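Single-structure report; data block below.
Positions of Cβ are generated from backbone atoms using ideal geometry, with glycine treated the same way; all protein chains shown enter the neighbour counts. FYI, it's all coordinate maths here, none of it is from the lab.
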Amino acid sequence: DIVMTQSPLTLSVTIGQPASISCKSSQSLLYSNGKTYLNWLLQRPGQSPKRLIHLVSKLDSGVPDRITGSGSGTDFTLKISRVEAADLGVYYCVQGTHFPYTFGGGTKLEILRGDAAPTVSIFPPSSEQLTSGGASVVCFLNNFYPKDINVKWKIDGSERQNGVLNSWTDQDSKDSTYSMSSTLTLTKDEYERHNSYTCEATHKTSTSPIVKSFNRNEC
Amino acid sequence: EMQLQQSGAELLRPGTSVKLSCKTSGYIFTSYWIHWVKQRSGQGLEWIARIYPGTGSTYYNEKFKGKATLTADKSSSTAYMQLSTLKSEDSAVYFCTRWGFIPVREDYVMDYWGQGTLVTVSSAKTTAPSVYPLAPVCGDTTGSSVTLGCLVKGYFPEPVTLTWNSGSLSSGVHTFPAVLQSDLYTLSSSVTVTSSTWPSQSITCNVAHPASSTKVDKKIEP
Ligand SMILES: O=C(O)CNC(=O)CCCC(=O)NCc1ccc([N+](=O)[O-])cc1
Ligand SMILES: [Zn+2]
Ligand SMILES: [Zn+2]
Ligand SMILES: [Zn+2]
Ligand SMILES: [Zn+2]
Ligand SMILES: [Zn+2]
Ligand SMILES: [Zn+2]
Ligand SMILES: [Zn+2]
Ligand SMILES: [Zn+2]
């Protein structure tokens, strides 16, 4: 089977700048009829893939000509002349010259924007949950950029690594930022034995850790 | 308007089989090849097979011979793909697509795709989630704007449906991807509103879990 190699894995580009993606195949994609069946697809976040180009450089109907394709033999390139917000997603090259059809690994295009510090919110366990003998402390770190962030949980000044469940959103189309959720789950009994619960983030936008905490007590 | 609608998410037991459907409309079903593609853990697609509904002619990727069987019902304009003896590798999202290559013209017509069908191969039992309201104490973000949340935990399998005020509230919400842990998924969503909205008017978290026929609304009270 033809191995299709795409580089780079990810590219961060600012709106208005050009972007190019490379695709290499292990066999020439020149079919015996002289045509080269190399296609490019875009899979936007939460959407099905969509073909942008066919036959190396032919645009599909309704595709903007900001997008251009080129190459031959085993080397192909997709170029976006001016990146717009709607270009966010994973780009894949797929060959149709040699059966069976094979895809490249994909290239994620991320919109490079101005740094944004996280908005951190912390939530103690709900009454409903405590009733069940469980306790989850949640921390939302919303709208930050770059995506790189490290969050630790500290209970009464000591780092807690067990019981932590983290989740991140894909880059937001509306503002190009990322959001993350971190949940620390303990038993109701242990939760009630400690006082200070701290959600601590490490991010480029700060020389010191970004902290959000609460102290439980009674009243 | 050309449309391809695929069937719902499937939870399948190891070793059994499933039949996925791809109902089409808006075009002459018999005149175009229908292809099936597989996607595992994001970036990484695989071409499975294609069928010409007009003749029933099918071509398979060697890898999938014996795994997939494509059929098509002309009277209903529905393509089907049956997957047999499911194993770990079969857990994935499957798409059907009227790819659009016209062999006679050696050129392409627009490609239309189905929304995808998620297949989970597991022997784990279906479990209804617990929905917990997250009212701030420190997740207040002071005045101006306050952010509320909804914690959905302990359910299986995916997916779960989460909206705010029946969909009325869609801007400023962040729904995080579910994470599996100890055979149960946990998912959360945050919503940021102006201090003038909450607690004044109510914010409600709506959750639906088809697999267990669970539908729950949690009102975020102070
Ligand atoms: O097989 C041969 O030798 C001759 N080649 C042909 O007839 C060309 C076939 C048309 C084509 O572009 N196929 C590639 C392809 C098809 C479907 C697809 N998808 O994702 O659905 C992705 C890629
Ligand atoms: Zn060949
Ligand atoms: Zn061949
Ligand atoms: Zn050959
Ligand atoms: Zn201690
Ligand atoms: Zn102590
Ligand atoms: Zn303690
Ligand atoms: Zn020509
Ligand atoms: Zn064309």
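What residue, of A:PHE123, A:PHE140, A:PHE144, is within 14 Å of the chain's Cα centre (by Cα) and either crowded, with 22+ Cβ neighbours inside 10 Å or without any contact (Cβ under 8 Å) to a residue 12 or more places away in the chain (or both)?
Details: A:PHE123 fails: within 14 Å of the chain's Cα centre (by Cα); A:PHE140 fails: within 14 Å of the chain's Cα centre (by Cα).
None of the other options fit; the residue is A:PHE144.
Pick from A:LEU88, A:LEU78, A:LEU52, A:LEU112: which is surrounded by fewer than 17 Cβ atoms within 10 Å (Cβ to Cβ) and hydrophobic (A, V, I, L, M, F, W, C)? Break it down into steps so the answer makes sense when it comes.
Numbers: A:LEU88 fails: surrounded by fewer than 17 Cβ atoms within 10 Å (Cβ to Cβ); A:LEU78 fails: surrounded by fewer than 17 Cβ atoms within 10 Å (Cβ to Cβ); A:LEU52 fails: surrounded by fewer than 17 Cβ atoms within 10 Å (Cβ to Cβ).
Of the residues listed, the single one that is surrounded by fewer than 17 Cβ atoms within 10 Å (Cβ to Cβ) and hydrophobic (A, V, I, L, M, F, W, C) is A:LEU112.
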**Study point:** Per-region count, region B:155-178, residues over 18 Å from B:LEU11 (Cβ atoms) and β-branched (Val, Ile, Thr)
**Key:** 3
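Going through region B:81-97 one residue at a time, which ones are within 30 Å of B:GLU1 (Cβ to Cβ) and either aliphatic (A, V, I, L, M) or within 12 Å of chain A (Cβ to nearest Cβ) (or both)? Lay out the reasoning, then the answer.
Restricting attention to region B:81-97, the residues satisfying the condition of being within 30 Å of B:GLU1 (Cβ to Cβ) are B:81-83, B:92-97.
Listed by number, the residues that qualify are B:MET81, B:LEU83, B:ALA92, B:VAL93, B:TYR94, B:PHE95, B:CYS96, B:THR97.
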Practice item. Could you grab me the full set of residues in region A:88-146 that are of a type in the set (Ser, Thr, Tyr) and either assigned to a helix (DSSP H, G or I) or at the interface with another protein chain (Cβ under 9 Å from one of its Cβ atoms) (or both)? Key: A:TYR92, A:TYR101, A:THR102, A:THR107, A:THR119, A:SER121, A:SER126, A:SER127, A:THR131, A:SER132, A:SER136
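Considering only region A:133-176, how many residues are within 16 Å of ligand 7 (Cβ to nearest atom) and at negative phi?
Within region A:133-176, the first condition is being within 16 Å of ligand 7 (Cβ to nearest atom), and the residues that meet it are A:135, A:137, A:152-163.
Okay, now just the ones that are also at negative phi, so A:135, A:137, A:152-155, A:158-162.
So the answer is 11.
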Check your understanding: Is one or more of the residues making up region A:45-63 away from chain B (no Cβ under 14 Å) and either closer than 22 Å to A:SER7 by Cβ or within 16 Å of ligand 1 (Cβ to nearest atom) (or both)?
Key -> no
Practice item. Look through region B:42-73, keep the residues that are among the small types (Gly, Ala, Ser) and in contact (Cβ under 8 Å) with a residue 24 or more places away in the chain, and return whichever of them is surrounded by the fewest Cβ atoms within 10 Å (Cβ to Cβ). Key: B:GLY54
Check your understanding: Of all strands (runs of 3 or more DSSP E) completely enclosed by region A:32-85, which ones contain at least 2 residues that are closer than 19 Å to A:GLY96 by Cα and in contact (Cβ under 8 Å) with a residue 40 or more places away in the chain?
Key -> A:38-43, A:67-72, A:75-80
Practice item. Please state which of the following conditions A:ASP189 fails to meet, knowing it meets all the rest: (1) surrounded by fewer than 13 Cβ atoms within 10 Å (Cβ to Cβ); (2) assigned to a loop (DSSP other than H, G, I, E, B). Key: (2)
Exercise for review: Please enumerate the residues belonging to region B:153-174 that are buried (at least 19 other Cβ atoms within 10 Å of the Cβ) and closer than 17 Å to B:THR214 by Cα.
Suggested key: B:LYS153, B:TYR155, B:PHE156, B:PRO157, B:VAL160, B:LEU162, B:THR163, B:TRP164
Check your understanding: Restricting region A:60-102 to residues that are away from ligand 2 (no atom under 16 Å from the Cβ) and of a type in the set (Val, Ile, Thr), which is nearest to A:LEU112 (Cα to Cα)?
Key -> A:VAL83
Review point. Of B:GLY100, B:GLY114, which residue is within 12 Å of chain A (Cβ to nearest Cβ), surrounded by 20 or more Cβ atoms within 10 Å (Cβ to Cβ) and of a type in the set (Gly, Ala, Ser)?
Key: B:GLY114
Point to revise | In region A:4-31, the residues that are surrounded by fewer than 20 Cβ atoms within 10 Å (Cβ to Cβ) and assigned to a loop (DSSP other than H, G, I, E, B) | key: A:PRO8, A:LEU9, A:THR14, A:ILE15, A:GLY16, A:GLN17, A:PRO18, A:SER26, A:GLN27, A:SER28, A:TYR31
Check your understanding: Looking at region B:80-96, is at least one residue touching a residue at least 12 places away in the same chain (Cβ under 8 Å), surrounded by fewer than 20 Cβ atoms within 10 Å (Cβ to Cβ) and among the acidic types (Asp, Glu)?
Key -> yes
Exercise for review: Could you please find all residues in region B:117-136 being buried (at least 18 other Cβ atoms within 10 Å of the Cβ) and either on the phi > 0 side of the Ramachandran plot or assigned to a loop (DSSP other than H, G, I, E, B) (or both)?
Suggested key: B:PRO129, B:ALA135, B:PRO136
Exercise for review: Check A:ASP1, A:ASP60 and return the single one that is buried (at least 19 other Cβ atoms within 10 Å of the Cβ) and among the acidic types (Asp, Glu).
Suggested key: A:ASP60
Check your understanding: Based on what the data block shows, is A:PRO8 farther than 19 Å from B:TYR108 by Cα and either in contact with a helix residue (DSSP H, G or I) (Cβ under 8 Å, 6 or more places away or on another chain) or not basic (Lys, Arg) (or both)?
Key -> yes
**Study point:** Candidates B:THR141, B:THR186, B:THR192, B:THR147 - the one that is in a loop (DSSP other than H, G, I, E, B), within 14 Å of chain A (Cβ to nearest Cβ) and of a type in the set (S, T, N, Q)
**Key:** B:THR141
